[PDB]
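Notes for the one structure printed next.
Excluded from the calculations below are hydrogen atoms, water molecules and symmetry mates; all remaining heavy atoms, backbone and side chain alike, are included. Each chain gets a letter, A, B and so on, in the order its sequence line appears, and its residues count up from 1.
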2 protein chains.
Amino acid sequence: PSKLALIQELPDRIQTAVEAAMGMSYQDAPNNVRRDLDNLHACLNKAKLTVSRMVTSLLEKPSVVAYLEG
Amino acid sequence: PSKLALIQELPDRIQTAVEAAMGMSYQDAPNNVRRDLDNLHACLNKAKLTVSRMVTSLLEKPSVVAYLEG
RNA sequence: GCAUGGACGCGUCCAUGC
RNA sequence: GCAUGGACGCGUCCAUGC
């Protein structure tokens, strides 16, 4: 796994790590708990988008990409 | 995989997703790049902590645990 | 100068638990 | 009050692009 490979795969992996939890069903959950599980969803989503943004941000930096290329 | 388990295994799942990347070394890169990679490390470490804290917050709620299993 | 990304600081608000 | 998440405001630092 190349240094550039590690970074290019982070977003995918984070997705994999989170899917199970997010894809959970709580349709029958009480109100307060529902509010909590929605919040969890928001949290996981923000985490995921934030890591994605950072990766994208990184690959656009020519200087960084050169280093991850030799 | 019970619902309560999907929340309990989030941290371990994220560790698996991230450990590789936030474990790579780059002491040989120029300052600007080394600095950009530390930023990545900081980003990842924070998302990792955010998930753990949320998972903890959920698990400390009688309501959520009670519902997560009936 | 403008914009983007991240980290951080101070604060306002919302939810949930105690 | 404290904890955790989320939205938002102002500011700091780092990096890149224009």
Side-chain angles (χ1 to χ4, degrees):
Chain A
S2 65
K3 296 189 173 177
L4 170 59
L6 282 311
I7 296 173
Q8 294 166 301
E9 296 167 349
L10 278 166
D12 316 4
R13 299 166 72 74
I14 291 277
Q15 173 54 51
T16 301
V18 179
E19 71 179 3
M22 290 190 98
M24 175 169 64
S25 167
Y26 46 103
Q27 299 270 39
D28 66 301
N31 206 254
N32 60 3
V33 168
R34 185 181 60 62
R35 259 152 166 154
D36 278 314
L37 298 182
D38 287 339
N39 205 169
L40 201 208
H41 228 271
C43 185
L44 305 182
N45 238 110
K46 183 176 175 54
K48 169 167 46 181
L49 304 177
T50 301
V51 179
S52 296
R53 248 122 52 185
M54 186 54 157
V55 171
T56 293
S57 165
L58 274 170
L59 303 175
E60 306 170 328
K61 297 175 182 298
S63 69
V64 183
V65 178
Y67 169 76
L68 300 188
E69 278 177 349
Chain B
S2 77
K3 284 174 180 171
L4 183 278
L6 276 35
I7 276 57
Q8 293 176 322
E9 304 162 358
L10 265 180
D12 176 88
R13 287 170 63 65
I14 280 170
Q15 173 76 301
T16 280
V18 168
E19 60 174 348
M22 75 182 272
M24 69 167 294
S25 63
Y26 47 86
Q27 63 293 311
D28 64 305
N31 301 308
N32 66 325
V33 177
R34 158 164 57 276
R35 287 180 176 180
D36 268 313
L37 294 176
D38 282 348
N39 208 174
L40 204 209
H41 202 275
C43 178
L44 284 170
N45 189 64
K46 176 170 190 191
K48 191 160 91 159
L49 296 163
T50 296
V51 177
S52 291
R53 283 187 290 256
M54 180 59 129
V55 159
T56 289
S57 184
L58 297 184
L59 306 174
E60 305 182 316
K61 303 180 176 314
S63 59
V64 191
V65 173
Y67 161 82
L68 279 175
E69 46 186 359

In whole angstroms, how far is the [atom2] atom of [N] from the [atom1] atom of [X]?
{"X": "A:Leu40", "N": "D:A3", "atom1": "CG", "atom2": "P", "answer": "20 Å"}
{"X": "A:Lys48", "N": "D:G6", "atom1": "NZ", "atom2": "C1'", "answer": "16 Å"}
{"X": "B:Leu58", "N": "D:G6", "atom1": "CG", "atom2": "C1'", "answer": "13 Å"}
{"X": "B:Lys46", "N": "D:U4", "atom1": "NZ", "atom2": "P", "answer": "12 Å"}
{"X": "A:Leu59", "N": "C:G6", "atom1": "CG", "atom2": "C1'", "answer": "14 Å"}

Check the phosphate of C:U4 against A:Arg53, side-chain N and O only, distance under 4.0 Å to OP1 or OP2. Yes or no? no

Looking at the side chain of A:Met54, which of D:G5, C:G5, C:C8 is the nearest nucleotide? C:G5

Say whether A:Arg35 and A:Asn31, considering side chains only, have a donor N or O and an acceptor N or O under 3.5 Å apart. yes

Any luck finding a side-chain donor-acceptor pair between A:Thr50 and A:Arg53 under 3.5 Å? yes

Determine whether a donor-acceptor pair (N or O, by modelled atom type, separation under 3.5 Å) exists between the side chain of A:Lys3 and the backbone of B:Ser25. yes

Could you check whether any side-chain N or O of B:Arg13 sits under 3.5 Å from a backbone N or O of B:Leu6, counting only pairs where one atom can act as donor and the other as acceptor? no

For A:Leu68 and A:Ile7 the tightest heavy-atom approach is CD1-CD1, 3.4 Å

Heavy-atom pair with the smallest gap, counting every atom of B:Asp36 and A:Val64: OD2-CG2, 3.9 Å

Set of side chain to side chain donor-acceptor pair (under 3.5 Å) partners for A:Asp38, sequence neighbours left out: A:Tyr26, A:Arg34

If you write RNA chain D from 5' to 3' in dot-bracket form, with Watson-Crick or G-U pairs under 3.5 Å, [ ] for crossing pairs and | for pairs with another strand, what do you get? ||||||||||||||||||

Side chain to side chain contact (heavy atoms under 4.5 Å, CB included) between B:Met54 and A:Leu44: does it pass, once the steps are laid out? CA-CA 9 Å; B:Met54 180 59 129; A:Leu44 305 182; over 6 Å; no

List the protein contact pattern of nucleotides 11-18 of chain D with one symbol per nucleotide (5' to 3'): B for base contact, S for sugar-phosphate-only contact, - for none; contact means a heavy-atom distance under 4.0 Å. ---BBSS-

